[PDB]
Amino acid sequence: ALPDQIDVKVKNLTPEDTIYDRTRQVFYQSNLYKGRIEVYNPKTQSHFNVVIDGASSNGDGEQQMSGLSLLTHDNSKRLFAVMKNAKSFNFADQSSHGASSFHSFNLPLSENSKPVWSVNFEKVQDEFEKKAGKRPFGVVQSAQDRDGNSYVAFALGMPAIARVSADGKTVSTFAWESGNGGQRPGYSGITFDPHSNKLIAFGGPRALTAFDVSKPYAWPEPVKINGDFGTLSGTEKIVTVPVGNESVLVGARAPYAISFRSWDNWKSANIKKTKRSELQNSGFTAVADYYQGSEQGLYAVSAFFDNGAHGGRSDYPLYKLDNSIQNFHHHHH
Ligand SMILES: [Cl-]
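Residues numbered from 1 in each chain as written, not as in the entry; some residues may be left out. Heavy atoms only, no water.

The record names X-ray crystallography as the way this model was obtained, at a resolution of 1.350 Å.

Undergrad: Describe the pattern of salt bridges, with residues and values.
TA: This model, assessed by the stated rule, comprises 15 salt bridges. For the salt bridge of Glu16 with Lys237, the shortest nitrogen-to-oxygen distance reads 3.0 Å. Highlighted residues: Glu16 in the loop between strand 1 (5-8) and strand 2 (18-21) and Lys237 in strand 19 (residues 235-243), separated in sequence by 221 residues. For the pair shown, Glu16 and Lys237 are each scored as buried. Across the salt bridge formed by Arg276 and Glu278, the nearest N and O atoms sit 3.0 Å from each other. Residue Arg276 is classed as buried on the basis of its relative accessible area of 15%. Taking relative accessible area as the criterion, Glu278 reaches 32% and is therefore assigned partly exposed. Sharing partners across several salt bridges, the network here consists of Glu122, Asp126, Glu129 and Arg135. (Salt bridge = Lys/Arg side-chain N within 4 Å of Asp/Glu carboxyl O. Helix = DSSP H or I, 4+ residues; strand = E, 2+ residues; numbered from the N terminus. Buried < 20%, exposed > 50% of the residue type's maximum accessible area, 1.4 Å probe, protein only.)

Undergrad: Give me the lowdown on the pairing of strand 10 (residues 137-144), citing residues and values where you can.
TA: A large share of strand 10 lies buried, amounting to 8 of its 8 residues. In this sheet, strand 11 (residues 150-156) lies alongside strand 10 in antiparallel orientation, the contact comprising 6 bridges. Paired with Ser142 across the bridge in strand 11 is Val152. (Pairing = 2+ DSSP bridges.)

Undergrad: Break down the pairing of strand 3 (residues 26-31) for me, citing the residues and quoting the values.
TA: Taking burial as the measure, the 6 residues of strand 3 include 6 buried ones, the bulk of the element. By the alternation rule, side chains of strand 3 split into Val26, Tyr28 and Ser30 and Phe27, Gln29 and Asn31, which are all buried. Relative to strand 3, strand 2 runs antiparallel, the two being bridged by 4 bridges. Across the sheet, residue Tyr20 finds its bridge partner in strand 3, namely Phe27. Inspection of the sheet shows strand 3 paired to strand 4 (residues 36-40) by 5 bridges, in the antiparallel sense. Directly across from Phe27, in strand 4, lies its bridge partner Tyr40. Hairpin connection, strand 3 to strand 4: the antiparallel pair is bridged by 4 residues, and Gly35 has positive phi, about 60 degrees.

If you want it as structure tokens, here you go:
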């Protein structure tokens, strides 16, 4: 059976994001403060890191590792790394003009891996502000379409999504909308659904917002929730879980993992929830999948932000979530 927890024993990791590579049997995990990717083998417990020249640090760098994503679920050829500015979410010393960046890597990763390409968001931030009136900042997650284009969510300032071409040459303003106030008015997550061929952003102005990927820009498409999502406060990252021939999206809103399933290509979605008490105050930001052979489960990713950069924590548990959230019934029958 799958374990109730996977205890990652890496000191001062702060895994703001974590994703599993089923093919390679490793997790790719943020190291927030050091601005690097940590690669953890849960079977052997071995780990190593991938540093990014000019961005990684000893814990006090300007840029920090947030989101990680795979090109495809299986046999992924590439991994994408979002780096936010260290001051974006420092609400006592906040900036909307810091350096931030995005990197494409070939898989498999090794200690000496370097990006295929890298971009930064300064110019696109200026363009968003010029056209919409507010400067977005706080890059938190990206999603890749079938052709390898990336769509990067901004959580702060205003709701905004930057597109980065598959070849890294063009960073563009893809989508945006007005915010409705608050410290975190933008999208807290984004994921891609290969079945509908849509992006779905989590949080901000509403629970879920869909976008088509076929054109240079996209209008936000509000998703009607067939149920009661609840508060928008505290939403984090959202992921796509393949369940048979379908997609179930799973978002974090501590202490809940909240899942979604659509039968109409994201015009609407049904909703399920689960929670665990450990996730009340663990820095729960994301859900990861995990496999041992053909056995699959979902695990909560907890950053433990209360540690800071050097607080000494050396246990980063990933906690198993109830499978109820990945079992939808459209309807008795
Ligand atoms: Cl940022």
